[PDB]
Every structure is written in structure tokens, then in C-alpha cells.
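The chain contents come next:
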Amino acid sequence: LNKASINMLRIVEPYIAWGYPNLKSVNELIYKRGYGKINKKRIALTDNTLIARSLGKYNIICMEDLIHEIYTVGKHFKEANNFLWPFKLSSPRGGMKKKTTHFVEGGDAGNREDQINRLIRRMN
Amino acid sequence: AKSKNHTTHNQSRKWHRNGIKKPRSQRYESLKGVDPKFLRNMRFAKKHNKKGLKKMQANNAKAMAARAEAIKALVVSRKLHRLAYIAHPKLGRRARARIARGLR
Amino acid sequence: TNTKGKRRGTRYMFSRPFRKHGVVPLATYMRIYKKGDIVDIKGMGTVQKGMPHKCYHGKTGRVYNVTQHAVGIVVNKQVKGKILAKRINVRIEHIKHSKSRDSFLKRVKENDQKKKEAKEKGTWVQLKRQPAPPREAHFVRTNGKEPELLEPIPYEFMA
Amino acid sequence: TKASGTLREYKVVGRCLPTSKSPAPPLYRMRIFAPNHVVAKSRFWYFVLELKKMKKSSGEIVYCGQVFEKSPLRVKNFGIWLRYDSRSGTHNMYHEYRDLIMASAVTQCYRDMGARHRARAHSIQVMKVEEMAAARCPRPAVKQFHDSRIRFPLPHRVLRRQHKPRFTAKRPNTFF
RNA sequence: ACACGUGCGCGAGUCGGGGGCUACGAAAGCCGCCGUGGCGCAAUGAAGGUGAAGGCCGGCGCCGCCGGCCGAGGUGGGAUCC
RNA sequence: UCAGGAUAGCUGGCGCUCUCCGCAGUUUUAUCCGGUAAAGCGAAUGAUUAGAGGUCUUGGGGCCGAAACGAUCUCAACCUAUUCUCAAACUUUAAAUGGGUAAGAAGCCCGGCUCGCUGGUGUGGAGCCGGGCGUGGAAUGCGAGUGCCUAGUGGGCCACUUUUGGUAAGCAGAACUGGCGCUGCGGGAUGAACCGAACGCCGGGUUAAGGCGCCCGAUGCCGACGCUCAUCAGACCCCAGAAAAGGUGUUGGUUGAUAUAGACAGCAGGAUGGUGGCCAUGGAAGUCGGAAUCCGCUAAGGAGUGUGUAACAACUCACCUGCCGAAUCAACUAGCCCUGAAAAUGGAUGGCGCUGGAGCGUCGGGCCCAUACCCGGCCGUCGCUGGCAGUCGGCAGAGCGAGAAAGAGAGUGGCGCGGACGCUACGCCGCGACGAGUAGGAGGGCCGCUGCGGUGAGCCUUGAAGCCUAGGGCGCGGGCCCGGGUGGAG
RNA sequence: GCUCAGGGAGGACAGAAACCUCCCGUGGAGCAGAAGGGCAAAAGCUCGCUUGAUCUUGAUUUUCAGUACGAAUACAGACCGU
RNA sequence: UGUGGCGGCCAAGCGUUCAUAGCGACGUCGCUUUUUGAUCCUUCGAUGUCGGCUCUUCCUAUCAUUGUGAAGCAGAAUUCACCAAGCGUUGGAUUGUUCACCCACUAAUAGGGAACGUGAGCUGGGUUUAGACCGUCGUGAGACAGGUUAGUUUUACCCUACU
RNA sequence: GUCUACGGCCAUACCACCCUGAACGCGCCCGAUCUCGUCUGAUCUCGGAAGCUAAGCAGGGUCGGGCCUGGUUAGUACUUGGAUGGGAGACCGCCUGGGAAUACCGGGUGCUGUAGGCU
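Residues numbered from 1 in each chain as written, not as in the entry; some residues may be left out. Chains lettered and ligands numbered in written order. Part of a larger assembly, values for the part shown. Heavy atoms only, no water.

Side note on the protein's contact with RNA strand G
Residues and elements named next belong to chain C.
Here's step 1: Taken together, the neighbourhood of RNA strand G is formed by 36 residues, with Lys4, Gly22, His69, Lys80 and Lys86 sitting nearest.
Here's step 2: Within the side chain of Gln48, a nitrogen or oxygen atom sits 3.0 Å from a base nitrogen of RNA strand G.
Here's step 3: A distance of 2.9 Å is found between a phosphate oxygen of RNA strand G and a side-chain nitrogen or oxygen belonging to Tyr56.
Here's step 4: If one sorts the elements of the surface near RNA strand G by residue count, strand 4 (residues 83–91) sits on top with six residues.
Here's step 5: Taken together, the residues of the surface near RNA strand G break down into eight nonpolar, 13 polar and 15 charged. (Near = heavy atom within 4 Å. Polar contact = N/O pair within 3.5 Å; in protein donor to acceptor, adjacent residues only side chain to side chain. Helix = DSSP H or I, 4+ residues; strand = E, 2+ residues; numbered from the N terminus. Nonpolar A, V, L, I, M, F, W, Y, C, P; charged D, E, K, R; others polar.)

What about the state of the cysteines?
All names here are of chain D.
Here's step 1: Within this structure, the stated rule accounts for zero disulfides over all chains.
Here's step 2: Free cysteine: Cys109, not disulfide-bonded; nearest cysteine sulfur from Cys137 at 15 Å.
Here's step 3: Relative accessible area serves as the criterion here: at 1%, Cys109 is assigned to the buried category. (Disulfide = S-S within 2.5 Å. Buried < 20%, exposed > 50% of the residue type's maximum accessible area, 1.4 Å probe, protein only.)

As for the interface of chain C and chain D
Here's step 1: Taken together, the contact between chain C and chain D spans 13 residues of the former and 21 residues of the latter.
Here's step 2: Interface area for chain C against chain D, summed over the two sides, is near 1700 Å², with a carbon-plus-sulfur share of 64%.
Here's step 3: Its largest share of buried area at the contact with chain D, chain C owes to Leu150(C), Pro152(C) and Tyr155(C), together 40% of the area lost on that side.
Here's step 4: Here chain C is connected to chain D by one salt bridge.
Here's step 5: One salt bridge connects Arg135(C) with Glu60(D), and the closest N-O pair in it is separated by 3.1 Å.
Here's step 6: Summed over the shared surface of chain C and chain D, the number is six residue pairs in polar contact. (Contact = heavy atoms within 4.5 Å. Buried area = accessible area lost by both parts, 1.4 Å probe. Salt bridge = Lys/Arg side-chain N within 4 Å of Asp/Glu carboxyl O.)

Quick notes on the pairing of strand 1 (residues 38–41) of chain C
Residue and element names in this part refer to chain C.
Here's step 1: Because side chains alternate across strand 1, one face comprises the buried residues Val39 and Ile41, and the other comprises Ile38 and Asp40, none of which is buried.
Here's step 2: As paired elements, strand 1 and strand 2 (residues 60–66) share three bridges and run antiparallel to each other. For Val39, the partnering residue across the bridge sits in strand 2 and is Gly61.
Here's step 3: Judged from the three bridges that link them, strand 1 and strand 5 (residues 95–97) form a sheet pairing that is antiparallel. If you follow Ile41 over to strand 5, its bridge partner there is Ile95. (Pairing = 2+ DSSP bridges.)

Quick notes on the environment of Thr100(A)
Residues and elements named next belong to chain A.
Here's step 1: Here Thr100 is to be found in the loop between helix 5 (77–81) and strand 4 (110–111).
Here's step 2: Given a relative accessible area of 58%, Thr100 falls into the exposed group.
Here's step 3: For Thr100 and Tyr35, which are 65 residues apart along the polypeptide, the C-alpha to C-alpha distance reads 30 Å.

Considering the pattern of salt bridges
Residues and elements named next belong to chain D.
Here's step 1: Scanning all chains against the criterion turns up 11 salt bridges over all chains.
Here's step 2: The salt bridge involving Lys76 is made with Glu69; its shortest N-O contact spans 3.4 Å.
Here's step 3: Using a relative accessible area of 4% as the deciding quantity, one classes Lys76 as buried.

Structural notes on the packing of aromatic side chains
Residue and element names in this part refer to chain D.
Here's step 1: Inspection of the entire model under this criterion finds four aromatic pairs over all chains.
Here's step 2: Both rings, one in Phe44 and one in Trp45, keep their centres 5.2 Å apart while their planes meet at 50 degrees; by these two values the pair is tilted.
Here's step 3: Looking at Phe44, the relative accessible area reads 0%, which means it is buried.
Here's step 4: When its relative accessible area of 6% is taken as the criterion, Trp45 is described as buried.
Here's step 5: The ring of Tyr46 carries the charged tip of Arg43 above its face, separated from the ring centre by 4.2 Å. (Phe/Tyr/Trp six-rings, centres within 6.5 Å; stacked < 30°, edge-to-face > 60°. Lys NZ or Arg CZ within 6 Å of the ring centre and 35° of its normal.)

Describing the arrangement of the chains
Here's step 1: Sorting the four pairs of chains in contact by contact count puts chains C and D at the top.
Here's step 2: If you take every C-alpha in chain A and every C-alpha in chain B, the smallest gap between them is 10 Å, and the two do not touch.
Here's step 3: At the level of C-alpha atoms, the two units chain B and chain D stay apart, their nearest approach being 34 Å.

Right, dumping it as C-alpha cells:
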């Protein structure tokens, strides 16, 4: 989040359900669904010699370094976030409330401040 | 039989398919459409550059002394600090050998 | 079909503002246009000689030619599919210096002064522009007072 | 909004981000009966934008914590003041409910306005919720329970769990 | 018939297609003093026509030239190479 | 020229130049640009109602003129301060959405040369050399660039919002974006366009939009709180048949009255006199009416409710009760139900049916399933200008996935006779993402037909072609190969 | 060099209207024509002098295929006007 | 659904008196597809296009008959409205007519729909081919939303429906 | 403090009336021989220096008009995006962002460039 990204979020608002993640959720997503963009190929992060060989220049040499740089939004968030292939989550187990409308008016679109972690559990 | 007169319906979609390509911008644009008094004078200035050639290279060889004049006259934890030092393999080529001897 | 023609839909566009009619201030003619400076186009009704077409009124191009009374602008005009950078001869009453370049050239000169100063010391000056970051933690002092409660007003049929 | 489940009372206080003209802008408090904080903070900005010239981007939410009931084991009377949109004009009402929690009485109010008047969560504004004494109530549906020696039977107890056999020999009893 | 792509042969050339020579075969082979010729290597003008790079150094701060030395541009980007 | 063509656009194919600094259907920061929405008329142009205060610049009219001054109530005209209402072809103000440009080395800051341009002036401007400065100067995303040849198409339609003409149209004509056409799939019973979501061949899981009495997968929950009875109930986007008006039906509310100073009624006793005052005055003994409308007498006397009604003698209408005993009255408002509500074959909340809902409004928990989303199998395409010529073997030493640019380096000094597969290189192998499709375009066919040059030391009277077949199989498919029968020369 | 439309007030015949004189006058006038824009020591009105409404290459704008015509804008080389 | 038809709501007035027995101005909300427009969606390798005769069925916006409420219903006669489509709703002169108008009868002589019901059911008077006449228009060939006269009406033996 | 000449932005500078203006200026003012032009020396052109702040001009004043600039109007009107929201419709409510304009109430009433005087 900066000034530039929030004004980009609010114009794709009815198509996304976003919020502020927990340390647990950041652990769960990057350990269970962690794939690297190594040679433009979606390769599973089974070892640390993928992260170390790709992101060696920024001193991100393991999974705990990757998870630290994501969570505590550091210097090389850009080159660590762009390393991570977008997370292919499942369908929500328990269903949605309503896709079409905003979170505030019953639905499941727009900004879900601390409540995004619950949606992360059911789709991860 | 009458017919539909005009629309621009599918046209926005059509334009963007191959994308809207901006004019091929370069360094050194052409002097076509520039004032031809100014242009003929600029051409005489170009033509008469080699007449003052001797002062150009002579000043450049005197100013190249002005380089040699002054360029010779010119001249977070303590443990993670230590383990990031030991583990990386040209700075820590002897600290690992010390460690290796320290099993005996 | 519409009537074609050069000044068709230029009624309020090429008009002079309210109580800004009559004699044209002379500083307009005394501003100095070089070959390259970026210039925004705005047609004027008072002076009928050497106007830009209504296609260009409000567009910004750059100067490639300066003759006695007028300047040559290179303006990006859009047609259907493609964009054309094209070369118009417009009189200098219909022309202004754009202040878009007077905010960049101050950045470069200040940006370079911040590398003349603080290159030898080791003190590293962040030069690039950040977007307004998420706000910092702070303590909102209730200096004695308890906050006033706002409860919605009951409806009254006004007019 | 959408009054999902039992609502919770929230204390949402807010203020304008200090500019140069005033470094100390005054704090304003509000009571939001809403399903959670994320809707409580949105309904705060609704009412704050209508009373004051204050916005979400032109301000910050200082504190939004759930207000608990200080006596959820006492039976209380709750007089609520309304402001709802009909299909012709808007109307103010005064509505008494009998409950242990205020937030329960406000959920009970939203159901009663929905039932009787076909008025929904986006339409209804709540301005004043006060717990009342037994002697200060004008509605007969709530007063009739101000009887220290109350006695009534449960007359026609319709048989629930009808599909437990689904095929019984005997007709079910009603008198208990 | 034309245009563009593509494969092959020769290359400032190229091509015998018409002609001649000595069962398959009406094929294949050969000619060069059989390239006439075609297309190419030069354009532009309606035409008569014309028809594709230079500085310097002396003698005659200058000659129309007598000569003398060397000579197919420059800038920016450019796979490789050094 | 209007049932057609040429011409751009959209399409495909062939590539080629680069990359292991460039771009963008976006945002941020600066910076201009605008005259729609809105607002305004005690601001211009135009349309527009209303009283005021002034007055002659005005006329009139009658008022005491022999004639004219003044004049006097003046009325419209006029001026001044106000007031009600408007504008697609008006406007001082004036948005949201929007449209350009800039965010660096195609740059900076230094010297020095040229000019026939320009001049008080190496002045101004431009062009040329040789220099030195990377912290690559907003966020995010992504490999870019460029040239040939080119088919189809040039009847369109629908929807949210804006919008022109028309009473309106499943009408005619526009802007923007999205769809159908070219496209199936789950929901809307049904349906080119709605809602959800786009598709290689399958198993597990789970969802969307919709559902869960039975048809019909899933509420057979001891679901929550109200509302409503219909002799025409009601029942889900587009959508498939209704309004003004109204109800002492019923359920909420709003405002104002009377309440032990004793109410809606219940039933009496009385409603008097000046006065046959009034206005024109057939008539106003109160009585098509109109206007004055008090009192002498008090619990009621009101110039009043209907009266045969010109009134009249005369029945009847507010009043305080005579009997009687606390909570009522009055006007709006909005929910559901009802009236308003009439068409032709018999009839359609999809049907049956449903009223302690299987209806209506507000909400729990659980559950059902798409060709969508996750995990996995298999096929293909595309990408990696990917890997392999190291099968380097008694002359051998079998290594080169590993976070960090480089040599498993080389010399001179200080018994047993052994070791899988491989590599039609036009082959074989490894990893990742993807797959709708009409007109149209390209590729690959160990798909098929008939004839010619080569070739199979091909097949065939111990039975060729052809044909028939509940026989055996292969291939994604075009097709094909065997078995049995018939047939008789390819 | 002046200043317009309209108005106020004065002046023989002369009035609602001929002519003279002063004051107020942001355009309420005029600019050949339709309409919009524009303009006040002017783009209007009145005077004086004239022929740039002349010869000649290219560039560019508008419609646009980014073609022609029509019309236009900035230059350059002449000869001229004021 | 403009237009044609039919129905409400308000109450200014009509009605000797008296808004509402019966009516209803200025306004205003609907309904219907028995009127005429408006449109071009279906049909131009064909859906036989005017009327009448014939014959069945359906609608109600009720003319008559049954049962009823109300009148400015004394009786008789008549008018308004309700439940209500079971059965009726005719014979003729003129016209091709649908429509119209008149005679007579009658309880009453109500209005409609079914591809503006119904041509392998008829008919052929009307329109609407080819022959001719008149009038107006055209120089003429010819034209007429003028009048007039004469002018070929085909097939079932198939499936269903019905008997 | 302030003027003169030439100006820049072009009403915080304009309009109505009143008061005060030291010293140089700027003016009104005085004339018509030469210059020059008119019906007319009023204007224009010219040669002057007896007078005068009366006017122009300057500074200031006014519960002034206008102009400028805040507040209010008002998070009102409108508006980007969203919904299988309400409603017979006409149009509304909500969510997600942006946000005006009169009447009405205050405050202000020229800034300044170069060159040359006066105090």
C-alpha cells in the first residue's frame, strides 16, 4: 500500500476481495502455494537453492528471508513479490456470502480489513 | 430499402487489437519545414568548419594538459554479522579451515 | 450530417473571457520561444491571423522552427487508429510556455545539488519520489476533554 | 448495511487529520449497532459525512471497540427513536422492546421494522437508544409484562419434530 | 501476363527458348566466329540534348591554371570481433 | 453510388533485427485545456406574475372654472427599490467523468571553433569538435522492434447509462462500454442477447449464480421474529397484464384534544321575551337569500337542523343533564389484505398442491451442483534460438544441480580379461504455461483414388481384384490390417 | 483625425420629427450578406496617397485514404505601395 | 393505442327545493383490440383476396326471460344497478354491399370473437387481366381513388380430426 | 514621504460626491511673428512665464455602488463505479470515490520595473 496502489485498487473494487494479512496467512500462502518465476517457468519452492540462486543479490537466501521481506514490507519487496508466481487458491470452502455486492452490504467484494485471513484459510 | 447511416461501435475495440503505436521518435529529426534563410546560413556554417580546424585540436591538446595537470596532483546482530561473514566463500576461505582443524 | 468547416463548434472556445476583452497585453509578444521548449496551444478570437485548428486548442507540443511572428509546433494529434506527430505554424498570441517542464528542471538542478553536496561524507540522500506512504503511528491526546457524541437529527419537512 | 445475525454496539470515535490551520481538531464519538468493526467504521463515515463536512480520506478513525452490556442478566425496557424511508416521504418512530442487551433490542427493532413496514437495513437510521423504567412506557405490548405476579399457561403446544417417526400409530397430544 | 515469397544453378553477368551438328529416342549430347537477341550493369528531359565525389602544398591576405603528395564522406545507435 | 465495387480498418502467413536500457485501453506527482450536469435572473440578451414608493414625461375622469392657471381623487404609461416563475439554439459563476504534455544520459555542467544569419557590443541564435559527471532519478506490470505478401468483410442486432424524432411501439435514428452474431456449459420451467461462468479426454475435492414439500439432487433444522384470510389470496432480475380513488378489515406510527374538574351512546325536563329589528322590502311573524347577529331572564335560548315550508297554532336540530359509571376521542401517515378489475377453444406462481406456509418482510446454521477454482492421470500445441556427437573402458577411472565470473589444469625450482538401454540427430530426452470458434488463413497426414520412373530376388490357379460378414483387433480421426464365405486372373 | 446607438436639456419660423450647442453614454452602433465570434486614440466614420487583388519556388493546415479540388496559415527570393 | 369504443375519481352546475334518484362542465386515472392509424417482425420456388348462403362453438360490455336492491317507484308504464350467457333474438321492399333506412310482427327484435370463422363447402353480384362505350386528362401511346356492359372457380384414393 | 518620463500585471487601480495638497515637477495659464492647421490659434503646431491650485493629477474620507477575497448556503444540488436493491411506474434509497452555485455575513480598496528630481 502507498498512494498510487490504493487508487488502482478502488477502480477494480467489485472484482477483488482484499485486506490486511496476518503473519500466519503469509506463512501458510508462501509454504503451501509457494512457486518461483525461475526462467519464466512456474517451479515449486521445494528447496532454498531456488530462492538463493534467484534472489542472492538482495540477501534473500531462504524461505524465512522471503516471508520476512513480504510481511515487514522491506527494500526488495518488488523483486521478492515479482519472484512469487501469483497464488492459485481453491474455491472458498463454506461458500461466499454474495459475490456481486460490497462486503459492507452483506457481500464478499471490496476491502475486508482484518477479515481477509478467514477467506485465506478457506481458499488455502 | 433504408439502412443504418453511421456508427463507431466496434472501432475502439479494432484500434487497440494491434495497439496504438506512437510516432517513431528519434535523435536527429529532419530540417524539412525550417526557415530557409536560417537553414542556408546553418549550411554555410557546416561548410566552413574545417577553416578553423587548427585552433580546435590545438586547444583540445592544451586542455588535455589540464587533465594531466590535476589527475596526478589528485592522488544487524554481531553473531549474524559473523555467520554471514563465515558462510560466504571467498571472505571466509580460512575461517572454515580453522573450524575444520577445530574438530581435533 | 454536420456542416464541415474550420470554425464550427468554436463559439465559447475562441471567445475572450468576461471583462478580458479588447487590447492584448504586450508581454505575450515579448516572451522568448527557443527551438525545443515545450509549448501549450490555446486559440484567441481577438487575433484572427495564424490560429490553430480546434483539434489543437489545449494540446501541448514542442517548437522546431521560429520565424518573425509565429513558431512551428510538433503536436501529437489522434485520428481513428494511429497517433500523428504533425507540424503546424501558429502565431505566438495563440501560444504559452508550459509549466510542466519548469517543475522537472527544478528537480534536476536540486537533485544534482544534492549529489554535489553529500557524495564524499557517506550520508546517502534518497532522490526518487515516493507516493504518499501509509500514515505513521501516533498518540491522539484528549487534552482533558471527553469527545462530543454526534446522534443523527430527526426529519423535518423543509419547503 | 445488512443487519446479519445479532448486531454489536461499537464506540467509533474519529477526527480530521491535522492540517496547518488547526493542529488540534476536535474528537467526535458515535454509537454504531452493526455486525462487525469493518461495517461499523463505514456507517460512522456515513453519519459523520452527513452531520459534519468530514470524509474518510479527509480524516482518521481514532478508536473502534465493541461496547459490552454492563448487565446482560437483568430484564430491561428499551425505547428506540427511528428514521426510515417509506415509499412516500421519510418518518420518525418511537419503538419499545424488552430484552437483556441493547444490541439485542436494536436487532429486535430491525426485525420488527422489516416485518411490519417492509423497511430494510439501508433505509433505517437509529438516533437514540435509552433503557427505560417500567412506569415510563406508552406501548401496551411491552407494558403487559409489568406484572410482578405474572401467570399464563402454554395453551395449544403444536407438536414439533413431526418427522421423528413420520409413521406413528397414535395421534399426537396437544394439552400439556 | 504481372507481383511477392521460397528452392536450385551460375554471377556483372545470365539464358539457346529459334537454328545447326552426330525400339527406348519426338529423348539425351554438342556448338561460342551460332548471344542476333532478351533482361541486367545509368539516369533525367516533351524535346534538341546532357549524363553520376575532393581538400591541401608551391609557383602563376588572390587566378583561368602550371604542377606536387594523398585521396569514395560525417554523426548517433549497432550482432559479432580486438 | 444504396442487393455492387475501389479505399483505409480488423485477419492470417513468411520472416528478419535485437534482448537472457524499451513499452502500457492503469495509477501517482506536476502542468495546462473545457462550457455539459448543476446553479442564476434584486448580473447582460430573451420570455415572465405581483403588489409598492414616487411622480408627468403622460393622457384621460369628474370635481367649485366666464377662460386658462393650480387642482383633486388620480387610473394605465414612466422611473426607483422589491417580488413569483423559466431557456437545446441565454449567461457572471461552475463540477464529477474526461483530453494533451512532463517524470533525464535523445540528459546534465564545463571549455573551444564555424556562420555569407542577427547586430552598439565574441551581441543574439544555431551548428560543430574534444571533455567530465550513473544513486539509470514516481508506483505497478511486461521481452521489444520492423518489413513483405494477404483472404474474408463493407445488410447487423441486443442491454446498463446518456440521448433525438414520435402518444407509444418487440418503432426510427445516435454516444460509451459490454454481449449475440462466431459459443457450448450451470441457473431463469421454456427462450440468440439476462445472471454465473467461457470448453482438450477423465477421477477426487469445492464453489458461483440459483436452489433444498413432491415432481427434482439438497432444510425430514424440535431454525428466529413479526405480517396477512382473499365467494379473483399470494408466491423472485430481464418478464411476461395494471392506476387514480377508497375501506368503523387488520397491524404499526404521527400530531392535537378531553380524562375521577368524572367520555361515543343510552332515555327524558326545556329550547324562552322585547321582536310582526333589519336590506331592496311579491316576503323576510328567522326560513330562494344576502349581509348587521347582542341582550331582560341564566345548568341550554342559539336571530340556528331538516321540515307541509310565504311564516304561522305548530313536529324537529347544538344544551345541562333526569337514569347511569374511566379511560376515551379526532385528523393524517404507511404495511399486508379487499373494492376499483370486462373477451371470446379448456388453463396455467412450470405442474401438483400449500394457510402453526410450501405465502410476504427481515436473518441464523447446514446442505445440493457447472465444461468455473484446487490436486492428480493422459493427449496435443506453444515456450525454453532447452539437453545429448562423452557409448570419451586394461591405452579405462566413468564427476560438471550447483546461491555467488573463472583450471577435477601441466612441468622445473624452494588373481580374474569385465562394464544394461542409447543417437531413424528429419532422432531421442527434460521442464513450465496453455487448448471456444462461423467467414477466412496456414501446417501435418504411416488418410484415400487413378496412371508414369525407380525398388521390394514382393504377392498370386496350394486361388489376384471385387463383393458379403452377430468373427479378431489397431488408430483422436481420415482409414486400415487379419478370420470365414463367394469369386476365377490379376 | 475623430467616436458610435440612445437619452437629458437648451436654441427664430421649427412641430414627434430639418439645423446648431453642451452633458451622460463598455458598444446597447457599424463592419455588403445568414449566424457565431471579434473590435473604441479600431477592425467603425471622414479625409490624403495608392495598386501586396503583381511576378516565383518549396513547406504546412483544414476535409482526409491522411488522396485531389476548394479555402487557408507561416516562410524565402523579386519588384512595389504607404 | 394517437384515433374509435367502454369505464371510473373530483364536484361547478342541471333536477320547482336539493352536488350525487338520474346526470355531470373545467380537470384527471384507466380498460378493450368488434374501428382507423403507426411499424415492417413472419410469408413474394404463393397462406386463394369482398359479401351472402350454410353450420358449430365461445365471450358479456344483459335486449328478453329467472331472482333481486333503488327511484323524482301510488297503480300501469319506465329508468339505474347486482347475481346471472341456461334458452331465445325473427319475416320482408331497395342495394353486390359490410353499413344504412323503411314496412310488419314480437317477451325481445342486445353486442361481439373463432387467420376481419367458414371458396379441394357453394356462390360469383362486387373488385381485379384480356373485348368494348361514355366523361375528364394526354400531341400521342395511354391514364382515371370516375360511370357502364360481357367475361373458364381445378384435385382427396394419403395422415390426422370427426361421424 | 513623494512626483516626473517610459512601462509590466490590467477595477484591491473603476464610478459618485466631499476635504487637504510643503518643495521641485506636471499643469491650468499668456500670446500668433516664424513652423503648421482650422468656419473659428477652441483643438492641432509654434513662441512664451504675468498669475493660480479653481480644475486635471496626488493622498485621504464614505455603516457608499462596483471589483477582489474569505465564510455560509452544504457534504446541499449534481456525479465515477456497484447490486437478482425499493417501486405499476415517475423516480428514489444504499454502497464505493469526487464535490459545486445565488441570496445572506465578514475583511480588503493598487502592487511594482528602469531612469531622473524634491524633501
